[PDB]
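For reference, the structure is listed below as structure tokens.
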Amino acid sequence: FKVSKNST
Amino acid sequence: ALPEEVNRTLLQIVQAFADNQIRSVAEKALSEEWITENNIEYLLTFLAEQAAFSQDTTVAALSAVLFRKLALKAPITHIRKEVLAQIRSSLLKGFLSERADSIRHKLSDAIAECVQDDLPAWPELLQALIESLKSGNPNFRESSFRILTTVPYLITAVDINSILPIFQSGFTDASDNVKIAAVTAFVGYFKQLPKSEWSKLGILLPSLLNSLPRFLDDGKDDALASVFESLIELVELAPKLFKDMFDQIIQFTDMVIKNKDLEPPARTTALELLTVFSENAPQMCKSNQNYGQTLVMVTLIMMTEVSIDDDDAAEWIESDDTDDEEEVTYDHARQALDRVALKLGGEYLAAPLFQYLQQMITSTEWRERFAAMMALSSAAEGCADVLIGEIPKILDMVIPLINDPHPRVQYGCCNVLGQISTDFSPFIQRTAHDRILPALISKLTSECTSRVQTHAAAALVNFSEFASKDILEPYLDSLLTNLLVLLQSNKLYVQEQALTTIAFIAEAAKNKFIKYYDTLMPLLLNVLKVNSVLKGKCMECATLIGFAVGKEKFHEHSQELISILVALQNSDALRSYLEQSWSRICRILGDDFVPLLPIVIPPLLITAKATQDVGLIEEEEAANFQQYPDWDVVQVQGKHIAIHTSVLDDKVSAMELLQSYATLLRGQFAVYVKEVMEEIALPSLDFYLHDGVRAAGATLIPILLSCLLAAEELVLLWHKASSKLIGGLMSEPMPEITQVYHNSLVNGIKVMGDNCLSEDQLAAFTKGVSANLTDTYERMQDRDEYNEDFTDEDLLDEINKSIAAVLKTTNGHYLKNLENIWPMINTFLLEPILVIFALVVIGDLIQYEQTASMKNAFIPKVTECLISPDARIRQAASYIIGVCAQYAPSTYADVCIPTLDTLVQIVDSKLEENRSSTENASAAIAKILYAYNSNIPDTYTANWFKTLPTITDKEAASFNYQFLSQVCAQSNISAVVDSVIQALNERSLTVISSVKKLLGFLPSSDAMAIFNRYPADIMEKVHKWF
């Protein structure tokens, strides 16, 4: 998919 | 202290607890015979004795736990005093005797169940705790703080000059275990007690902070991590408590994170500590240059910790395009920077951020050049307010690295160009396409490494999402020829990425993609006819290309495509690509999809009928249940419940698709309405454990009705649906959901039309409305020494809509019911959100001269509101005064004509923020001028006129031009016309007929000349208007 930033 | 028989009956039972048979017989015996009004106190007495005195670990343990469980359920309050006392005394003697650690822990927990607001004083406990705290046995000290954690109210009960030293010794204790329990107890106090009690222990915070460096001295960083966790809780509770030693804690966390021989837990929790101040005390962070500097510094350090012991990144080059879950500190650092940037803005962090990046971009250590890219990537969104303007500068830093010797630095650069294409959209697409696209395109060549080609392809998804077809057009052939190469990769993840990137570029390209359809589509069909995610991403790519090129072009392969889908569907990541693809074909095919409903709908019906899969569960059995991402456990009404979350998410997804089929196909979906309404929409409101389901049930309602309408049962279903919606209002806990139900009723009413409600329903709605307003008031009268809600505003916004909607359907009759909540309304009228609400309700009231009962109750506040500093208040106020003169012309005059000067002043205004409010006042005065026509001491109307045009508020504009259609001759003529052209062109509103009559009164040439000012585009419109 994309370029994004996770958050867990 | 029990009859000897009872003892070995109970002893047998409890021992049976640790085989199916012996153990089940005991379980039945216990629950059916012994936990009853008659035996409960015997049982509690027994278990307390065993826990206290049994020489067997297992029996003691079990009884302690059982006692704890049953003592709540009893509950302890309805137990005879003589028995409570005996229980207390044995529990206490057990505690003070010699027990193994874990039994003391369990005893402590049992003891806690025996301390209660309504329960008689137990001063022997108090005494026991104090003495135990001084014991030379750590387990005694630890266990005492544990009790103070379970029952923080005991801390209130001990003398302040005893409790202070207790905790100070606690923080400083030679045993780590004791320290952690002291700290836990100390924070628990703030967790549990009112803020008015906080100041009494607050003073101990510096001793706690001062104790911290000792953990690093003894090398006890694991225990440090636990204390950091307590401190994180305290920051969320009382950030301002930290103000005076803020620099000290900042510096401390700095020191920890830098020491990179420490294990990760101390370092990650220390970072978390720092991070959480920005989330709870942003002004405190911003008022201290040190915070920002430290936080940026430490995250940049941690971001460099990648590919350790692997300078070539061989392992990273060889793996798929997922995260290496071993790079923990690096992941944490990104997230932290992101979170703080989002909270503090660029105003505050860009400077310190960039100070470092300028330098890291130039390092010989690749890890730092990478870190730089990833940090910008993390901070870009939060810092957009500033960075959106420094876009050439940023590309000047980043783009030169696209060609770095190291492939991970290259990937890093891809990442930034991707991230900012999202975060600065749509402005970046417009202005940097000429730099960004060539940059990414150049990485696509098979010269570069798989990971880099893939990441550049990924970043083209970000860019495409907000790039117009015209911008992408000259770059398409090049973009496409490159992605075809990627399509020919050996590596599954490169093909997968290639497919998705093409799909999204095609989506953005729309009709500009028509010329590429013939090259793409057969390559795609070949892949399909031949690996699950490949096929799915491929079907996705095909159907998104389909939607881009339109139905006529899509028709060259639709049948074949359809046949492949069928084969694929009837043959779990794939399932979701399949469903969305069918859904996209329905959008392409329009009504020609109808014959495919039998294929597509049934699977969705099954999933959308999923039940609330709940397991009534036990305390212990719940944290490991929690490990699964697909499950969650909560405490609802006393019990523990395990709910299968994934299954309910999937139910939603299916509900959304059925909703979207229903929406597009309208009347053609009617055949499913009864079933979806009764088996899916309605039962979904009763899903108390998952709010998505409840909401998705609600939104489905009016859309299902409207489908059936377009094709008596309708009246039945609507009655059932509305009644459960109404019912939902008074039981629904979550304000966000409540809103959806009101909205849903509004939309239902809109569909069903005139008089769609019954009298009981109208009454049951009122109660719901009232309980909703009551709970909003209660939450809002809660919003400091220790600390630095559109959700509420939005709910009230919708309540306005439903009331209005109910009024309209009843044609006024709802006035009666509406009276009962007038005290409620009135409280609101005299905190801005509640005021605006009340005013809005009253405006709707007057719309239906029968309100005199309340004239006296509101005009005093309304007249006040007219000149309020808040535009939204003035707006609602003026509307009320205007509506007064419209529907209640005479019972209002003594007010309307006086205020009329106020309105001429509120008018003076013509600015985006309050263009709406001044337009309402304008309309309000035109209403008064109508009702009492030749009764006015007329400057007024010429004032009013100068407030034209009306361009923003639609209903206002509607009246003003109606009034304008009932000023003559003069050279007001060009202002008369333009006033109308402007309303029309701004699309805010037969006044045309009236205008033609005025222009009739003038020559050929005089008539023409008025439009001489107007540009071509609005003269096209004018021609088609007159």
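Chain labels run A, B, ... following the order of the structure tokens; each chain numbers its residues from 1, and ligands are numbered from 1 in the order shown.
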
- Pick out the chain A residues within 6 Å of chain B. Count only C-alpha atoms. Give them as number ranges by chain. A: 1-3

At a cut-off of 10 Å, using only C-alpha atoms, what residues contact residue 629 of chain B? Leave out same-chain residues fewer than 5 positions from it and give the result as a PDB file with N, CA and C atoms, in the first residue's frame.
ATOM      1  N   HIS B 644     -15.868 -11.042  21.089  1.00  0.00           N
ATOM      2  CA  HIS B 644     -15.134 -11.268  19.855  1.00  0.00           C
ATOM      3  C   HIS B 644     -15.236 -10.032  18.957  1.00  0.00           C
ATOM      4  N   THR B 645     -14.264  -9.121  19.085  1.00  0.00           N
ATOM      5  CA  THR B 645     -14.323  -7.799  18.421  1.00  0.00           C
ATOM      6  C   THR B 645     -14.257  -7.852  16.887  1.00  0.00           C
ATOM      7  N   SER B 646     -13.277  -8.585  16.350  1.00  0.00           N
ATOM      8  CA  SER B 646     -13.143  -8.754  14.900  1.00  0.00           C
ATOM      9  C   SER B 646     -14.481  -9.088  14.213  1.00  0.00           C
TER      10      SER B 646
END

- Distance query residue 785 of chain B at most 9 Å, only C-alpha atoms, self and fewer than 2 positions along chain excluded, as a PyMOL selection string: chain B and resi 238+240-241+787-788

- Item | Within 10 Å of residue 671 of chain B using only C-alpha atoms, minus same-chain residues under 4 positions, as a VMD selection string | chain B and resid 667 675 to 676 707 to 708 711

- Message: Applying 8 Å and only C-alpha atoms, which residues near residue 611 of chain B remain after dropping the ones on its own chain fewer than 2 positions away? List them as an NGL selection string.
- Response: :B and (609 or 613 or 648)

Expected file: the selected residues, N, CA, C and O atoms, as a short mmCIF file (atom, residue, chain, number, x, y, z; two decimals), in the first residue's frame:
data_model
loop_
_atom_site.label_atom_id
_atom_site.label_comp_id
_atom_site.auth_asym_id
_atom_site.auth_seq_id
_atom_site.Cartn_x
_atom_site.Cartn_y
_atom_site.Cartn_z
N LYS B 609 -25.43 -10.77 9.83
CA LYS B 609 -26.26 -11.38 10.87
C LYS B 609 -25.47 -11.90 12.11
O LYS B 609 -26.07 -12.34 13.09
N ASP B 613 -21.02 -12.02 20.14
CA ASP B 613 -20.39 -13.23 20.61
C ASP B 613 -19.67 -12.89 21.88
O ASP B 613 -18.56 -12.36 21.85
N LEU B 648 -17.42 -8.49 15.06
CA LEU B 648 -18.35 -7.37 15.09
C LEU B 648 -17.91 -6.27 14.16
O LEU B 648 -18.76 -5.57 13.59
#

- Contact residues around residue 555 of chain B with only C-alpha atoms at 12 Å, ignoring same-chain residues under 5 positions, as an MDAnalysis selection string: chainID B and resid 517 521 543 545:547 549:550 560:562 585 588:589 592

Please write the residues from the selection above to a file, keeping N, CA, C and O atoms, as a PDB file, in the first residue's frame.
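What landed in again12.pdb:
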ATOM      1  N   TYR B 517      -5.951   1.707 -21.087  1.00  0.00           N
ATOM      2  CA  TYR B 517      -6.817   0.631 -20.617  1.00  0.00           C
ATOM      3  C   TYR B 517      -6.460  -0.638 -21.389  1.00  0.00           C
ATOM      4  O   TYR B 517      -6.372  -1.722 -20.813  1.00  0.00           O
ATOM      5  N   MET B 521      -5.325  -3.836 -19.112  1.00  0.00           N
ATOM      6  CA  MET B 521      -6.367  -4.778 -18.789  1.00  0.00           C
ATOM      7  C   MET B 521      -6.021  -6.266 -19.103  1.00  0.00           C
ATOM      8  O   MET B 521      -6.400  -7.159 -18.333  1.00  0.00           O
ATOM      9  N   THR B 543     -11.059  -3.160 -11.290  1.00  0.00           N
ATOM     10  CA  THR B 543     -12.291  -2.481 -11.089  1.00  0.00           C
ATOM     11  C   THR B 543     -12.089  -0.982 -10.849  1.00  0.00           C
ATOM     12  O   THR B 543     -12.896  -0.181 -11.312  1.00  0.00           O
ATOM     13  N   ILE B 545      -9.577   0.749 -12.323  1.00  0.00           N
ATOM     14  CA  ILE B 545      -9.427   1.193 -13.703  1.00  0.00           C
ATOM     15  C   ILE B 545     -10.803   1.323 -14.356  1.00  0.00           C
ATOM     16  O   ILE B 545     -11.092   2.354 -14.992  1.00  0.00           O
ATOM     17  N   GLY B 546     -11.668   0.314 -14.172  1.00  0.00           N
ATOM     18  CA  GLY B 546     -13.057   0.363 -14.675  1.00  0.00           C
ATOM     19  C   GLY B 546     -13.823   1.636 -14.303  1.00  0.00           C
ATOM     20  O   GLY B 546     -14.488   2.254 -15.165  1.00  0.00           O
ATOM     21  N   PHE B 547     -13.723   2.040 -13.034  1.00  0.00           N
ATOM     22  CA  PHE B 547     -14.441   3.204 -12.577  1.00  0.00           C
ATOM     23  C   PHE B 547     -13.837   4.453 -13.165  1.00  0.00           C
ATOM     24  O   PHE B 547     -14.555   5.409 -13.462  1.00  0.00           O
ATOM     25  N   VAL B 549     -12.271   4.724 -16.253  1.00  0.00           N
ATOM     26  CA  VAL B 549     -12.561   4.869 -17.684  1.00  0.00           C
ATOM     27  C   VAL B 549     -14.046   4.931 -18.044  1.00  0.00           C
ATOM     28  O   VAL B 549     -14.387   5.283 -19.164  1.00  0.00           O
ATOM     29  N   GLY B 550     -14.923   4.567 -17.114  1.00  0.00           N
ATOM     30  CA  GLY B 550     -16.349   4.597 -17.349  1.00  0.00           C
ATOM     31  C   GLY B 550     -16.859   3.283 -17.881  1.00  0.00           C
ATOM     32  O   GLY B 550     -16.079   2.448 -18.355  1.00  0.00           O
ATOM     33  N   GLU B 560     -16.138 -11.099 -18.787  1.00  0.00           N
ATOM     34  CA  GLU B 560     -15.022 -11.970 -18.432  1.00  0.00           C
ATOM     35  C   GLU B 560     -14.572 -11.710 -17.008  1.00  0.00           C
ATOM     36  O   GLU B 560     -14.380 -12.647 -16.209  1.00  0.00           O
ATOM     37  N   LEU B 561     -14.419 -10.431 -16.686  1.00  0.00           N
ATOM     38  CA  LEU B 561     -14.101 -10.032 -15.345  1.00  0.00           C
ATOM     39  C   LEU B 561     -15.126 -10.612 -14.387  1.00  0.00           C
ATOM     40  O   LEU B 561     -14.765 -11.258 -13.401  1.00  0.00           O
ATOM     41  N   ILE B 562     -16.401 -10.442 -14.703  1.00  0.00           N
ATOM     42  CA  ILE B 562     -17.451 -10.940 -13.822  1.00  0.00           C
ATOM     43  C   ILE B 562     -17.341 -12.427 -13.600  1.00  0.00           C
ATOM     44  O   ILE B 562     -17.525 -12.901 -12.466  1.00  0.00           O
ATOM     45  N   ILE B 585     -17.999  -2.506  -9.200  1.00  0.00           N
ATOM     46  CA  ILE B 585     -18.726  -2.831 -10.418  1.00  0.00           C
ATOM     47  C   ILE B 585     -20.179  -2.353 -10.345  1.00  0.00           C
ATOM     48  O   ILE B 585     -20.696  -1.849 -11.330  1.00  0.00           O
ATOM     49  N   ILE B 588     -20.160   1.119 -11.337  1.00  0.00           N
ATOM     50  CA  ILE B 588     -19.866   1.306 -12.765  1.00  0.00           C
ATOM     51  C   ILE B 588     -21.122   0.998 -13.547  1.00  0.00           C
ATOM     52  O   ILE B 588     -21.584   1.821 -14.295  1.00  0.00           O
ATOM     53  N   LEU B 589     -21.672  -0.191 -13.329  1.00  0.00           N
ATOM     54  CA  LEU B 589     -22.784  -0.741 -14.096  1.00  0.00           C
ATOM     55  C   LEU B 589     -24.146  -0.088 -13.903  1.00  0.00           C
ATOM     56  O   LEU B 589     -25.023  -0.292 -14.734  1.00  0.00           O
ATOM     57  N   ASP B 592     -27.691  -1.973 -14.303  1.00  0.00           N
ATOM     58  CA  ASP B 592     -27.376  -3.230 -14.996  1.00  0.00           C
ATOM     59  C   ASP B 592     -26.721  -4.229 -14.067  1.00  0.00           C
ATOM     60  O   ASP B 592     -26.486  -5.359 -14.465  1.00  0.00           O
TER      61      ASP B 592
END
